[PDB]
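Chemist: Turn this into a model:
(chains A, B, C and D)
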Amino acid sequence: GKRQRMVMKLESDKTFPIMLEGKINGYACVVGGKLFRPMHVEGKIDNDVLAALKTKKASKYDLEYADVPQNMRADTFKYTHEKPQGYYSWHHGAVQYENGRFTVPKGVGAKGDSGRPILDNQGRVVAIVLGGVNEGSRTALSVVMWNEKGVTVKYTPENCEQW
Amino acid sequence: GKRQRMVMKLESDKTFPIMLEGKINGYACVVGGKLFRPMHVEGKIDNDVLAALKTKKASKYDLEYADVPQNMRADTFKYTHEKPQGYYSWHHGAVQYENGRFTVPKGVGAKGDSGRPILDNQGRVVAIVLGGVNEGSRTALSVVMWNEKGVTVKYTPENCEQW
Amino acid sequence: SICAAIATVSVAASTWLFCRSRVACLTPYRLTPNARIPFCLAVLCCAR
Amino acid sequence: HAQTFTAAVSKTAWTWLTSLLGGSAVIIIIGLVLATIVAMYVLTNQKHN
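Modeler: Numbers count the residues shown, from 1 in each chain, chains lettered A, B, ... in the order given. Take a look at the structure below.
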């Protein structure tokens, strides 16, 4: 429960829910100085400054990137590409990273918890959750991430449902 | 002793015996999301989910092999290319690995001993037993295995018996 | 008739040896639990 | 004499029909080759994980 306190205290400032008729459908993430928002999530950004923007579309990677004003570029997530195997710290507890795939134990994951970042033990974002499929006792995840070259990579398992 | 009990705990979940008319002829392994079955063993897999799946055949490596359904993919074994010399585990006690040869002290290994996955000191499958020959006071085995490149390698000593 | 017979036997035997060689190349990569076919052999032997 | 079809086509006009119709095929095949190389390079970039 100690890692989930860290995730909630880092999401209290830098994560914004995308509300449609009050209902949560997704989360905009401000990482590295650029706003991120998925395509299929419908609604508006909770923050008033971020809602009045012109988000350039990128339909392949299921993202709608934007740019952050200069007074807000220090209040962003830090991020990295470095990802050894083991455990990472999601919003609902922990998430296993094995063979280049983020897996969460089952039950959790429904319509609405998309766009949530995955943190490491230092406090840096390594992935952004878009969707996932339930492989029985454990749910694989479809995320975007980065690499050592500096290239945004999206991983997508089979038959993933958009969250 | 102690080593065999965690192997029984693993084999109770994922290693499935075949059903000849009154007895057990062989054992289907579910590793990495790909069901494995030896050829000379004939019968029916105990699960009605694993029975209906049509298998592709590889006569050089003596194994039928089909793809496992999506729910079962998380509840599979794991496989390892790297094996150092020493001692590995097996359902009938221990198995020695020396000069690339899985050998077993004699008195054990007979008919109905096929498809049993040789585990390691962590719980990952390094080989699959298909039979062996009595090399004097200690029997060697005829297993398939994997290497660093991703190439299924079968080793077989002289005049082995299809168990 | 003998030209047609030699042509049919040659095309059938060459197609049989080609299928044997394609199976003998693609078999050690389809048996692995991940089935990660390398890209050049997937371009050549028409794999997934 | 007999008027063959394409009898008076005047090699200048053969050049104008070869350039403005065959050259557009050259444009579309180098566009298709460029698109194929771009798709393979994007897949090579995403081989990194």
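Chemist: So which bits of chain A are right by chain C?
Modeler: Chain A has residues residue A:99 near chain C, with proximity defined as C-beta under 8 Å from any C-beta of the partner chain. Where you see a C-beta, it was placed from the backbone N, CA and C, and this is true even at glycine.
Chemist: check contacts around whatever residue of chain C ends up closest to chain D.
Modeler: Chain D sits closest to residue C:39 of chain C, with a gap of 8.0 Å, by C-beta to the nearest C-beta. By C-beta atoms under 8 Å, 6 or more residues apart in numbering or on different chains, no residues touch residue C:39.
Chemist: and residue D:32, what helix or strand is that in?
Modeler: Taking DSSP states H and E as the criterion, the element that holds residue D:32 is helix D:12-45.
Chemist: top helix in chain C by residue count?
Modeler: In terms of residue count, the longest helix belonging to chain C (DSSP state H) is helix C:2-30.
Chemist: Flag every buried residue along it.
Modeler: C:26-30 (16 or more other C-beta atoms under 10 Å in any protein chain shown).
Chemist: Pick out whichever of those sits closest to residue D:14.
Modeler: For those, the closest approach to residue D:14 (C-beta to C-beta) belongs to residue C:26, at 50.9 Å.
Chemist: so that closest one touches residue C:46, yeah?
Modeler: No: in this structure residue C:26 lies outside contact range of residue C:46 using C-beta atoms under 8 Å: 9.1 Å.
Chemist: any idea how far residue A:32 is from the residue of chain C closest to chain D?
Modeler: 31 Å (C-beta to C-beta, to the nearest Å).
Chemist: is it true that residue A:136 lies in a helix?
Modeler: No: with DSSP: H, G, I helix; E, B strand; the rest coil as the criterion, residue A:136 is located in coil rather than a helix.
Chemist: can I see the domain layout of chain A?
Modeler: Under the assignment CATH domains of a matching chain, the domains of chain A span A:14-77, A:78-163.
Chemist: Mind putting these into CSV with distance to chain D and mean neighbour count?
Modeler: Below are these laid out as CSV (distance: least, C-beta to the nearest C-beta, whole Å; neighbours: other C-beta atoms under 10 Å in any protein chain shown):
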stretch, distance to chain D, mean neighbour count
domain A:14-77, 10, 16
domain A:78-163, 5, 17
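Chemist: Could you dump those into TSV with distance to residue D:9 added?
Modeler: Below are the domains of chain A laid out as TSV (distance: least, C-beta to C-beta, whole Å):
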stretch	distance to residue D:9
domain A:14-77	48
domain A:78-163	54
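Chemist: Check the gap between the residue nearest in space to the middle of chain D and residue D:31 for me.
Modeler: Nearest residue to the geometric centre of chain D (C-alpha atoms, centre = their mean): residue D:25, 1.7 Å. For residue D:25, the distance to residue D:31 (C-beta to C-beta) stands at 11 Å.
Chemist: swap in residue A:143?
Modeler: 33 Å.
Chemist: you'd agree residue A:28 is in a helix?
Modeler: No: under the criterion used here (three-state DSSP), residue A:28 is strand, not part of a helix.
Chemist: Would you mind writing the CA trace of the lengthiest helix in chain A as PDB?
Modeler: In chain A, taking DSSP H as the definition, the longest helix is helix A:2-14. C-alpha atoms of helix A:2-14 as PDB (Å, rounded to 0.1, in the frame of the first residue of the first chain):
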ATOM      1  CA  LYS A   2       3.000   2.300   0.300                       C
ATOM      2  CA  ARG A   3       3.700   2.400  -3.400                       C
ATOM      3  CA  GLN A   4       0.000   3.300  -4.100                       C
ATOM      4  CA  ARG A   5       0.300   6.300  -1.800                       C
ATOM      5  CA  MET A   6       3.300   7.500  -3.900                       C
ATOM      6  CA  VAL A   7       1.200   7.000  -7.100                       C
ATOM      7  CA  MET A   8      -1.800   8.900  -5.700                       C
ATOM      8  CA  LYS A   9       0.400  11.700  -4.400                       C
ATOM      9  CA  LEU A  10       2.100  12.000  -7.800                       C
ATOM     10  CA  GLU A  11      -1.300  11.800  -9.600                       C
ATOM     11  CA  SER A  12      -2.900  14.500  -7.400                       C
ATOM     12  CA  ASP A  13      -1.100  17.300  -9.200                       C
ATOM     13  CA  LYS A  14      -0.300  15.900 -12.700                       C
END
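Chemist: What distance do you get for the closest residue to chain A within chain C to residue A:42?
Modeler: Chain A sits closest to residue C:34 of chain C, with a gap of 8.0 Å, by C-beta to the nearest C-beta. From residue C:34 across to residue A:42, the span is 37 Å (C-beta to C-beta).
Chemist: which residues touch the residue nearest to the spatial centre of chain A?
Modeler: Taking C-alpha atoms, centre = their mean, the centroid of chain A lies closest to residue A:128, which sits 2.7 Å from it. Contact analysis of residue A:128 by C-beta under 8 Å, 6+ apart lists A:29, A:31, A:36, A:63, A:115-118, A:143-145.
Chemist: Among the residues you listed, which ones are in strands?
Modeler: A:29, A:31, A:36, A:63, A:117-118, A:143-145 (DSSP state E).
Chemist: possible to save the buried residues of helix C:2-30 as CSV with distance to residue B:161?
Modeler: Shown next, in CSV, are those (distance: C-beta to C-beta, whole Å):
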residue, distance to residue B:161
C:26, 30
C:27, 24
C:28, 25
C:29, 29
C:30, 27
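Chemist: okay, the residues you listed in TSV with distance to chain B next?
Modeler: Converted to TSV, the buried residues of helix C:2-30 look like this (distance: C-beta to the nearest C-beta, whole Å):
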residue	distance to chain B
C:26	10
C:27	5
C:28	4
C:29	7
C:30	8
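Chemist: Which of the ones in strands among the contacts of residue A:128 sits closest to chain B?
Modeler: Nearest to chain B among these, with distances taken as C-beta to the nearest C-beta, is residue A:143, at 17.1 Å.
Chemist: Tell me how far the nearest residue to the closest one once chain neighbours are set aside lies from chain C.
Modeler: Spatial nearest neighbour of residue A:143, excluding adjacent residues (C-beta to C-beta, 6 or more residues apart in numbering or on different chains): residue A:127 at 4.0 Å. Residue A:127 sits at a distance of 21 Å from chain C (criterion: C-beta to the nearest C-beta, to the nearest Å).
Chemist: Please apply the same query to residue D:30.
Modeler: Noted for residue D:30: a distance of 22 Å to chain C, by C-beta to the nearest C-beta.
Chemist: Residue A:104 now?
Modeler: Going from residue A:104 to chain C by C-beta to the nearest C-beta gives 21 Å.
Chemist: is that residue in a bridge, and if so with what?
Modeler: Per DSSP bridges, the residues bridged to residue A:104 are residue A:139.
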